[PDB]
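To keep things clear, I will list the structure first and then write my remarks on it.
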2 protein chains.
Amino acid sequence: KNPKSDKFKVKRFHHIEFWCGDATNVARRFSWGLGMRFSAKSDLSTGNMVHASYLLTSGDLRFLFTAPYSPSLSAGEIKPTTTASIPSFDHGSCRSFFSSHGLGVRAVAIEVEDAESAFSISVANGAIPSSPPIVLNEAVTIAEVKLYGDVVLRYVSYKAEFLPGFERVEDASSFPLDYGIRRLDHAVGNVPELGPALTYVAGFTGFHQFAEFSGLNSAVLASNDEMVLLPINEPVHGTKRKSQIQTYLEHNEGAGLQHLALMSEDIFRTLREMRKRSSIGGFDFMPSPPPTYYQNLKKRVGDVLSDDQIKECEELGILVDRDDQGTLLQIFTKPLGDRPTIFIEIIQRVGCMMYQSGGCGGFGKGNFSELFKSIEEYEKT
Amino acid sequence: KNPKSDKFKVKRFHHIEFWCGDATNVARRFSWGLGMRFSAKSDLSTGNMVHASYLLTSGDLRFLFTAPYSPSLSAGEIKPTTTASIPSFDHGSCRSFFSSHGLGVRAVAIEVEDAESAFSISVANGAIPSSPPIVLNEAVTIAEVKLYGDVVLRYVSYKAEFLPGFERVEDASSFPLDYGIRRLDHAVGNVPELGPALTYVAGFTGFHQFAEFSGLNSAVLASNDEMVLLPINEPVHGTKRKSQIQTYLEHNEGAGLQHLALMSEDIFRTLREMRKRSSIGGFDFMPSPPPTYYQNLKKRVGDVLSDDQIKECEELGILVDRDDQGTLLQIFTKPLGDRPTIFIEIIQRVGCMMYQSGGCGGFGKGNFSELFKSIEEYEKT
Ligand SMILES: CCOCCn1c(C(F)(F)F)nc2ccc(C(=O)c3c(C)nn(C)c3O)c(C)c2c1=O
Ligand SMILES: CCOCCn1c(C(F)(F)F)nc2ccc(C(=O)c3c(C)nn(C)c3O)c(C)c2c1=O
Ligand SMILES: [Co+2]
Ligand SMILES: [Co+2]
């Protein structure tokens, strides 16, 4: 059931912003590793004396990488005279974030009809304000509320190219990389206590629980058309193998964003391209499931995927799970930086055609059991 | 003249350590951009709860990338019980360094006969101590003194593979990249006042002035065999075009390391390989000199380089200068990170055969005049 109870009009995921120590090096690594193009910049060469911000795009996916300059460059500025292109930015908040959590997501940004009203309504409904609505060049409005930990939910609305004050990047520095990634499917938070986190976020958004069907409990919040998907996890304590949610909270110094799931229009090509680059500057992937997992795929999805397509999943280490509505292919990277905290998921969904409805196939929860049974069977051989 | 006045026995440049916010992303970017292999690590997977350190190598060149974990992981430790593989490391010093300077070089490390005696003698001769000698696993001794700004000169000595506590990296994560870079030729500091910087460093090392022959004055300190080369620059103020040394000091918040010159055994291949990767995660280069600069090369070095070799320099944007002893080919990257501070030089030297003596060809100082005259001539066409 979908009660469609959004308290404001929400469109789609707009962008994800990483707070970094050096935005240049993170952005160049991610660009090569994920096949994203340099699309826009706001830095010293555009008159920004406050922060360096570089935007990568692939299809509709937008990754923003921001780091602070020396405060000395902007010491004479005040907020009314700021050269920052993102007015919510603050040197002290950014350094403290990165000092505390390491490299990670500061902002999950969604495009809304009216960022000011979304902010007003959210705060009227319990959201903790982080940055009030600010209108950029009479053209774009941006506002922020606390989501969990030090992550903000950022609202953006356009009267009618990323943000005012950003410049298009020179063609020569913009190499048209593309490994098939097209959009953000969902963004996942880790918290110590799922209940209060859910109540808070669903409280101020009107997002509803999205129906599902070790080491965690989780629930997914969704917008009216279920294209904005915000799962949240808590750990399950005192188990056998220590909870990876608990490991996250320890190394991250508390709650924060756990993984970003990026939809590919051709997950075979995406993973071929990402895996060729894993050891030359790109991203590493979790160890592949054993061959027993792929033998078991015939009985589970043999009607969806041919044997050759299954052998292709085996080559690339792809996981497969299935709903009552659709089928999903997925794989997880190793952590994106030094700490065992944030990682990336690549996802492609089969089914639920009407366009494709969101969450088609679910989120792969059945793969914990399947991989475990596969592990037992592989030891048996 | 070389008075050979080293106060302790110095061998060669050993490694350069970058202090980072996330060592993983900087190291992966540099590896792809410069063609350096992942050689060793010290991190959570090796039992280091304090810092993440990753070593890249190409030939004899060693780049170390280090970042701090959350202090909470090592809160129960004391220095006698530390899990840090580099005992001079300190969370607060590293965060403060990076907060203040951004991404840059913390340590210029030279291999000496006896790091304890080198430290003792240096401090007896005016060096400011930074970290005292510590013997690692009865095998390697490391000590540090202040060089300029927040950069240290690190002494390392071996009784008889990088440092104890580091592990060799798994073959699969170690892709054998190689674009021809072989060793560190020299490492250059920027300071507000050259005189006191020179007197201090030459004071405690015994390094002598290495004979030479806009915006800067400079001088080069050298070890006995002139294989360790430490140039230092100060700005020249009130000019026409603002001094790039002054621009460095402003954006770096004071003195620090300006550039690293990396010797290539085949600068044509190095630059071909680096330029292919500039816009896909690698490094950018300074804008090429105009064709007039390359026409003028025939009269300057036509006896050293064939016309085809000169046309190859033109293709790759390589600069050429010449001594009374030898010829050097050089090129400069754009800044390595967000700030207009540290950059890299690629260098190859022709001549001074006996092995090749250090500094053969000088450091390219004649290229300021040559490029300026070349600019005037190119506008004329
Ligand atoms: C990264 C290192 O972990 C590898 C272990 N692992 C395994 C494995 F391989 F063990 F089966 N299966 C998974 C299946 C789904 C999801 C996931 O995306 C999800 C979940 C669950 N709920 N919601 C709302 C989601 O979006 C995730 C993270 C995993 C996962 O992490
Ligand atoms: C990076 C942006 O600057 C580009 C402008 N530029 C030019 C240009 F192109 F203008 F001619 N020529 C140079 C020649 C030599 C050196 C250099 O390595 C050196 C110097 C001088 N003294 N010592 C001890 C050295 O090692 C350097 C930096 C440059 C340089 O920076
Ligand atoms: Co997921
Ligand atoms: Co140089």
Side-chain angles (χ1 to χ4, degrees), chain A residues 184-190 194 198 209-212 214-222 229-234 236 243-245 247-248 257-263 283-290 293 317-322 328-336 340-347 349 358-359 361-371 374-375, chain B residues 184-190 210 212 216 218 220 229-233 257-263 319 321 328-333 343-349 359 361-365 367-368:
Chain A
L184 182 68
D185 186 88
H186 56 271
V188 179
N190 281 351
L194 177 59
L198 277 184
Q209 180 140 2
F210 181 108
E212 292 111 278
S214 227
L216 66 88
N217 303 312
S218 65
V220 178
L221 292 170
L229 301 176
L230 294 180
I232 305 176
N233 312 317
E234 75 174 354
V236 182
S243 173
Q244 71 276 3
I245 312 303
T247 296
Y248 177 102
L257 190 142
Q258 180 208 44
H259 74 271
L260 300 160
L262 320 177
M263 182 165 273
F283 296 93
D284 301 335
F285 288 94
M286 279 312 172
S288 291
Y293 178 94
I318 298 178
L319 296 298
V320 187
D321 199 17
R322 194 180 185 166
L328 73 80
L329 322 186
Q330 60 185 169
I331 195 176
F332 307 105
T333 72
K334 290 194 183 169
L336 313 186
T341 51
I342 179 163
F343 57 96
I344 275 172
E345 171 184 7
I346 310 302
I347 190 162
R349 304 182 178 278
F363 300 88
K365 51 169 175 88
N367 263 325
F368 293 108
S369 156
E370 275 302 325
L371 192 68
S374 154
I375 285 159
Chain B
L184 182 68
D185 186 88
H186 56 271
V188 179
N190 281 351
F210 181 108
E212 292 111 278
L216 66 88
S218 65
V220 178
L229 301 176
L230 294 180
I232 305 176
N233 312 317
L257 190 142
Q258 180 208 44
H259 74 271
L260 300 160
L262 320 177
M263 182 165 273
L319 296 298
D321 199 17
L328 73 80
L329 322 186
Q330 60 185 169
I331 195 176
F332 307 105
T333 72
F343 57 96
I344 275 172
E345 171 184 7
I346 310 302
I347 190 162
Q348 186 159 27
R349 304 182 178 278
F363 300 88
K365 51 169 175 88
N367 263 325
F368 293 108

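Just so it is clear: chains get the letters A, B, ... in the order the sequence lines come, proteins before strands, and each one is counted from 1. Whatever order the structure lists them in is the order used to number ligands and atoms, beginning at 1.
- Backbone and side-chain nitrogen or oxygen atoms of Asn367(A) are examined, and none is located within less than 3.5 angstrom of a nitrogen or oxygen of ligand 1.
- The atoms of ligand 1 that sit less than 4.0 Å from any heavy atom of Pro231(A) are 24 (C).
- Checked by atom type and distance alone, the side chain of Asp185(A) never pairs as donor or acceptor with a backbone atom of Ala261(A) at under 3.5 Å.
- Counting the atoms of ligand 1 from 1 in the order shown, those under 4.0 Å from a heavy atom of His259(A) are 17 (C), 18 (O), 26 (O), 28 (C).
- For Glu345(A), the N, O or S atom closest to the Co ion (ligand 3) goes by the atom name OE1.
- Residue-ligand proximity, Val220(A) to ligand 1, at heavy-atom distances under 4.0 Å covers atoms 24 (C).
- Per-residue contacts place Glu345(A) under 4.0 angstrom from the following atoms of ligand 1 (heavy atoms of the residue considered): 18 (O).
- Shown here for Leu257(A) and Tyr248(A), the closest heavy-atom pair between the two residues is O-OH, 2.7 Å.
- Not a single heavy atom of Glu370(A) sits less than 4.0 Å from an atom of ligand 1.
- Nearest to the Co ion (ligand 4), among the N, O or S atoms that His259(B) has, is NE2.
- Nearest to atom 25 (C) of ligand 1 by heavy-atom distance, out of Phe368(A), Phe363(A), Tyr248(A), is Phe363(A).
- For ligand 1 and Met286(A), the ligand atoms under 4.0 Å from any heavy atom of the residue are 1 (C), 2 (C).
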